[PDB]
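> Have a look at this one before I ask anything.
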Amino acid sequence: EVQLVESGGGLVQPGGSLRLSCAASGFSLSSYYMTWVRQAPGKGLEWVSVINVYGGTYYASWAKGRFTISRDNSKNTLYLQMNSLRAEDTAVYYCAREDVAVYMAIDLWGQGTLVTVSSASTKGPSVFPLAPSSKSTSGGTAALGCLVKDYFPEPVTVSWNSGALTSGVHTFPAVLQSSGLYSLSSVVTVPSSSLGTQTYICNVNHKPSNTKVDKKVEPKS
Amino acid sequence: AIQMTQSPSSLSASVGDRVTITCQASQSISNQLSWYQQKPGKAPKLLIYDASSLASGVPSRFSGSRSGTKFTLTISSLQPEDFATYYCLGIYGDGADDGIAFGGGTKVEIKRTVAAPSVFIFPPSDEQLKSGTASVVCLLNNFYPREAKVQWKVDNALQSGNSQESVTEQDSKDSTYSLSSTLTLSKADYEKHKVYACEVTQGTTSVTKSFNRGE
Amino acid sequence: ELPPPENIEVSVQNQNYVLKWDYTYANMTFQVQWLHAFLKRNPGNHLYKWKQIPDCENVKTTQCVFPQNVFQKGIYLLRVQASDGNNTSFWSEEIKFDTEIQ
């Protein structure tokens with residue numbers, strides 16, 4: 001029942017500051033070694049910092065100048081303060097608990113928060129339908145989907161019928177367009193006979209815009 | 001300061017093979033090396049600690065070994081659900097400044113039988129056409145291997161610089177991939193042409209899916 | 001069931017800690033271990049594991065030098081053991097140490 005929930009993170013302008021927080025639920029935060037680990041887009045895990053039970057802080061060399069780890073015992077919460085942020089700091093940041101009693105390893109991770117260090121502006125997505133029943137039907141199987149175009153920053157999440165439809169769904173990783181905006185597609189393959197007798201709705205959520213889109217995909221002839 | 005050198009950077013292997021990841025420390029770290037598995041879009045999961053000790057709930061096909069500063073993670077019988085990136089974590093002493101280092105990682109993909117993709121083509125919607133832009137989408141479903149050349153032809157004119165591709169991670173059940181390719185034009189350009197086609201090539205095979213505007 | 005090492009002392013030399021002990025039986029090897037001090041009470045009940053000093057797993061003298069960045073600023077316990085190759089010695093007395101020093 002123990003969990004780590006991070007928050008903060010989002011769009012931040014280059015040179016600006018940000019404070020990530022991590023609420024520990026179900027255990028005594030100050031009696032573990034707690035660490036921040038980051039992962040740049042399409043790269044490996046990179047250890048950022050650690051705070052021990054006495055409150056001493058230790059860092060990777062590249063992080064010591066601009067990052068500060070800390071914790072509030074009265075809130076059971078860990079913090080990562082980031083000053084003078086660089087575009088190269090854009091990454092997913094994970095809260096992680098290190099067990100020193102036995103493992104000398106990391107035994108509990110948070111879900112991660114994306115930090116985007118950019119001067120571009122937040123833009124919500126346009127959602128268009130990819131309709132079946134034309135040239136999208138081969139062998140009693142149709143394909144349909146949603147095109148989520150021209151948003152910033154990451155991430156957007158796509159579900160189908162509020163999560164009820166999961167099998168056969170492919171949500172492709174977003175690609176950065178030449179315009180500087182992101183675009184992705186989400187598709188699902190269905191029986192051709194399911195059209196009409198089944199409603200297909202894609203749910204796009206873009207929290208950095210506070211935007212949610214629900215698009216019903218209907219078969220056009 | 002300590003560094004972990006992981007090898008290989010990536011690997012492909014069949015279901016049932018014995019695969020081995022190596023990770024070398026810049027200096028001795030005793031047994032304080034752990035191995036982690038990262039599935040697509042999830043946080044890393046602890047597999048092995050103290051070089052050889054399996055963590056709770058880890059199938060017995062994972063094992064770990066030490067020899068000086070060289071550590072080895074071994075999967076005895078590779079399974080389709082083992083597609084993932086694997087990292088080592090070395091902690092020198094009590095992990096002070098630069099005392100904790102992840103290895104570079106190893107992508108592990110399952111080698112299965114060749115599968116031809118299912119190719120669908122979506123013309124732009126009228127809503128987007130009203131917006132004044134035209135996106136035509138080519139979907140390749142459930143194929144293997146990963147590599148595949150995707151090209152766009154509009155009225156027998158090969159397109160360049162106005163399409164982008166995106167590929168899913170390997171399906172954890174059947175080890176297949178999916179790919180999407182998007183070609184974007186202005187509305188005017190889109191209405192200046194009739195036949196739109198995406199051509200998929202893998203190995204000795206080419207498949208071309210098309211549609212004719214208004215037709 | 002060898003006899004335990006004795007007269008355990010820590011000192012500082014440049015950027016290193018120097019752990020010295022005395023052993024009377026010749027032709028022996030030694031292993032140096034450390035532990036977080038707080039692990040004896042907070043987990044207690046043997047819910048912990050001793051760790052090895054990085055490059056003092058199999059020393060040949062009665063001395064062990066190791067960098068100070070092996071530790072953070074805290075309280076640690078150190079202990080030493082000996083073996084002839086087959087038989088192992090009881091563990092030395094655990095010594096407590098503050099790496100900050102004030």
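Chain identifiers are assigned as A, B, and so on, following the order in which chains appear in the structure tokens; residues are numbered from 1 within each chain, and ligands are numbered from 1 in order of appearance.
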With a distance threshold of 8 Å and counting only C-alpha atoms, extract the residues of chain C near chain B and express them as a list in words.

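Using only C-alpha atoms, chain C residues at most 8 Å from chain B: residues 52, 53, 54, 55, 57, 69, 70, 71 and 72 of chain C.
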
> Keeping C-alpha atoms, export the residues of the selection given above as a PDB file, in the first residue's frame.


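And here is the file that came out, part-v9.pdb:
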```pdb
ATOM      1  CA  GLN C  52      31.587  -4.773   2.359  1.00  0.00           C
ATOM      2  CA  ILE C  53      34.148  -1.982   2.135  1.00  0.00           C
ATOM      3  CA  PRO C  54      34.681  -1.685  -1.670  1.00  0.00           C
ATOM      4  CA  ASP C  55      38.337  -2.780  -1.934  1.00  0.00           C
ATOM      5  CA  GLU C  57      37.109  -7.806   0.701  1.00  0.00           C
ATOM      6  CA  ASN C  69      33.768   9.115  -0.196  1.00  0.00           C
ATOM      7  CA  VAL C  70      32.962   5.499   0.575  1.00  0.00           C
ATOM      8  CA  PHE C  71      30.796   7.070   3.300  1.00  0.00           C
ATOM      9  CA  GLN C  72      28.428  10.012   3.561  1.00  0.00           C
TER      10      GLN C  72
END
```

> Find the residues near residue C:4: any atom within 6 Å, counting only C-alpha atoms, skip ones fewer than 2 places away on the same chain, and give them as number ranges by chain.

C: 89-92

> I'd like the neighbourhood of residue C:88 as an MDAnalysis selection string, where a residue qualifies if any of its atoms comes within 7 Å (using only C-alpha atoms), though same-chain residues fewer than 4 positions away should be ignored.

chainID C and resid 1:2 82:84

> Please measure the separation of atom CA of residue A:22 and atom CA of residue A:163, giving the value in Å to one decimal.

27.0 Å

> Give as a PyMOL selection string every residue of chain A that touches chain C within 7 Å, counting only C-alpha atoms.

chain A and resi 56+101-102

> One number please: atom CA of residue B:59 to atom CA of residue B:36, in Å, one decimal.

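So the answer is 13.4 Å.
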
> Can you tell me, as a PyMOL selection string, what residues are no more than 9 Å from residue B:109 when counting only C-alpha atoms, ignoring any on the same chain fewer than 4 positions away?

chain B and resi 10-14+80+82-85+170+175

> At a cut-off of 8 Å, using only C-alpha atoms, what residues contact stretch 19-33 of chain C? Leave out same-chain residues fewer than 3 positions from it and give the result as a VMD selection string.

chain C and resid 5 to 11 50 to 53 56 to 65 78 to 85

> Stretch 181-187 of chain B: which residues within 10 Å, counting only C-alpha atoms, same-chain residues fewer than 3 positions away excluded, as a PyMOL selection string?

(chain A and resi 147+183-185) or (chain B and resi 121-122+124+128-140+150-152+159-167+190-192+198)

> Taking only C-alpha atoms into account, what are the residues of chain A at most 8 Å from chain B, put as a PyMOL selection string?

chain A and resi 44-47+58-61+103-107+109-112+128-132+135-137+143+170-175+177+185

> What is the atom CA of residue B:5-atom CA of residue A:39 distance in Å, reported with one decimal?

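Those two atoms sit 17.4 Å apart.
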
> Near stretch 28-36 of chain A, within 8 Å and counting only C-alpha atoms, which residues show up once chain neighbours fewer than 4 positions away are dropped, as a short mmCIF file (atom, residue, chain, number, x, y, z; two decimals) with N, CA, C and O atoms, in the first residue's frame?


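What follows is the written file part-v7.cif:
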```
data_model
loop_
_atom_site.label_atom_id
_atom_site.label_comp_id
_atom_site.auth_asym_id
_atom_site.auth_seq_id
_atom_site.Cartn_x
_atom_site.Cartn_y
_atom_site.Cartn_z
N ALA A 24 4.97 10.78 -0.10
CA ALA A 24 5.06 9.39 0.30
C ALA A 24 3.80 9.02 1.07
O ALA A 24 3.41 9.72 2.01
N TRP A 47 20.99 9.02 -12.61
CA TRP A 47 20.79 9.34 -11.21
C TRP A 47 21.09 10.81 -10.96
O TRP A 47 22.13 11.33 -11.36
N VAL A 48 20.16 11.49 -10.27
CA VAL A 48 20.27 12.92 -10.04
C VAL A 48 20.73 13.22 -8.62
O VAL A 48 21.73 13.93 -8.43
N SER A 49 20.03 12.71 -7.61
CA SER A 49 20.43 13.10 -6.26
C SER A 49 19.83 12.18 -5.20
O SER A 49 18.87 11.45 -5.46
N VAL A 50 20.37 12.30 -3.99
CA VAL A 50 19.95 11.48 -2.86
C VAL A 50 20.02 12.32 -1.59
O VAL A 50 20.86 13.21 -1.44
N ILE A 51 19.09 12.04 -0.67
CA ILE A 51 19.09 12.58 0.68
C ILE A 51 18.94 11.41 1.64
O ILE A 51 18.09 10.53 1.43
N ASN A 52 19.79 11.37 2.67
CA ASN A 52 19.83 10.26 3.61
C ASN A 52 18.98 10.57 4.85
O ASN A 52 18.31 11.61 4.92
N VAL A 53 19.02 9.68 5.83
CA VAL A 53 18.11 9.78 6.97
C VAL A 53 18.46 10.97 7.86
O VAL A 53 17.59 11.52 8.54
N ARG A 71 13.60 17.69 1.94
CA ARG A 71 12.36 17.05 2.36
C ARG A 71 11.74 17.81 3.52
O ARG A 71 12.44 18.37 4.36
N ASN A 73 9.60 16.96 6.67
CA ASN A 73 9.14 15.87 7.54
C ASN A 73 7.73 16.12 8.06
O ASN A 73 6.98 15.16 8.29
N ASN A 76 5.69 14.79 5.17
CA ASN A 76 6.09 13.49 4.62
C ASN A 76 6.39 13.60 3.12
O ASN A 76 6.03 12.72 2.34
N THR A 77 7.05 14.70 2.71
CA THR A 77 7.17 15.01 1.29
C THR A 77 8.62 15.29 0.92
O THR A 77 9.34 15.98 1.65
N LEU A 78 9.04 14.76 -0.23
CA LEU A 78 10.34 15.03 -0.82
C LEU A 78 10.23 16.13 -1.89
O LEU A 78 9.19 16.28 -2.53
N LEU A 80 12.45 18.36 -5.12
CA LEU A 80 13.58 18.64 -6.00
C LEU A 80 13.40 20.05 -6.56
O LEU A 80 12.51 20.27 -7.39
N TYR A 93 11.08 12.94 -14.54
CA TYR A 93 11.72 12.90 -13.23
C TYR A 93 10.95 11.94 -12.32
O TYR A 93 9.74 12.10 -12.14
N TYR A 94 11.67 10.95 -11.79
CA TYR A 94 11.15 9.91 -10.91
C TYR A 94 11.63 10.14 -9.49
O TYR A 94 12.84 10.35 -9.26
N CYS A 95 10.69 10.10 -8.57
CA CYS A 95 10.95 9.84 -7.17
C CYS A 95 11.30 8.36 -6.99
O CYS A 95 10.65 7.48 -7.57
N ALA A 96 12.32 8.06 -6.18
CA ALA A 96 12.71 6.67 -5.99
C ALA A 96 13.26 6.45 -4.59
O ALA A 96 14.06 7.24 -4.09
N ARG A 97 12.85 5.35 -3.97
CA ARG A 97 13.27 5.01 -2.62
C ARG A 97 14.38 3.97 -2.68
O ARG A 97 14.23 2.92 -3.32
N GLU A 98 15.50 4.26 -2.02
CA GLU A 98 16.63 3.35 -1.93
C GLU A 98 16.60 2.65 -0.57
O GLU A 98 16.58 3.30 0.48
N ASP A 99 16.60 1.32 -0.60
CA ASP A 99 16.65 0.54 0.63
C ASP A 99 18.11 0.27 0.97
O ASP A 99 18.80 -0.45 0.24
N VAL A 100 18.58 0.85 2.07
CA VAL A 100 19.95 0.60 2.53
C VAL A 100 20.03 -0.51 3.57
O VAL A 100 21.14 -0.99 3.86
#
```

> As an MDAnalysis selection string, please: every residue in stretch 15-84 of chain C that a backbone DSSP assignment puts in helix (DSSP H, G or I).

chainID C and resid 37:40 68:70

> Would you export the selected residues with N, CA, C and O atoms as a short mmCIF file (atom, residue, chain, number, x, y, z; two decimals), in the first residue's frame, please?


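Written file, selection.cif:
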```cif
data_model
loop_
_atom_site.label_atom_id
_atom_site.label_comp_id
_atom_site.auth_asym_id
_atom_site.auth_seq_id
_atom_site.Cartn_x
_atom_site.Cartn_y
_atom_site.Cartn_z
N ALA C 37 24.79 2.89 11.38
CA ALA C 37 24.60 2.73 12.82
C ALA C 37 23.12 2.61 13.18
O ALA C 37 22.76 1.79 14.03
N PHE C 38 22.26 3.39 12.54
CA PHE C 38 20.84 3.39 12.90
C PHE C 38 20.15 2.06 12.61
O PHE C 38 19.01 1.88 13.03
N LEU C 39 20.81 1.13 11.91
CA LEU C 39 20.17 -0.14 11.58
C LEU C 39 20.10 -1.10 12.76
O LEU C 39 19.35 -2.07 12.70
N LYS C 40 20.84 -0.83 13.84
CA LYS C 40 20.83 -1.72 15.00
C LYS C 40 19.61 -1.53 15.89
O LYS C 40 19.30 -2.42 16.70
N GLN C 68 37.46 8.27 1.61
CA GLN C 68 36.44 8.79 2.52
C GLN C 68 35.08 8.90 1.85
O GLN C 68 34.05 8.83 2.53
N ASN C 69 35.05 9.06 0.52
CA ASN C 69 33.77 9.11 -0.20
C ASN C 69 33.11 7.75 -0.32
O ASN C 69 32.09 7.60 -1.01
N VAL C 70 33.68 6.74 0.34
CA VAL C 70 32.96 5.50 0.57
C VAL C 70 31.75 5.76 1.47
O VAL C 70 30.71 5.10 1.33
#
```

> Just list the residues in chain A DSSP gives strand (DSSP E or B) on the backbone, as number ranges by chain.

A: 3-7, 11-12, 18-25, 33-39, 45-51, 57-59, 67-72, 77-82, 91-99, 105-109, 113-117, 123, 126-130, 137, 141-152, 157-160, 165, 169-171, 175-176, 182-191, 195, 198, 200-206, 211-217
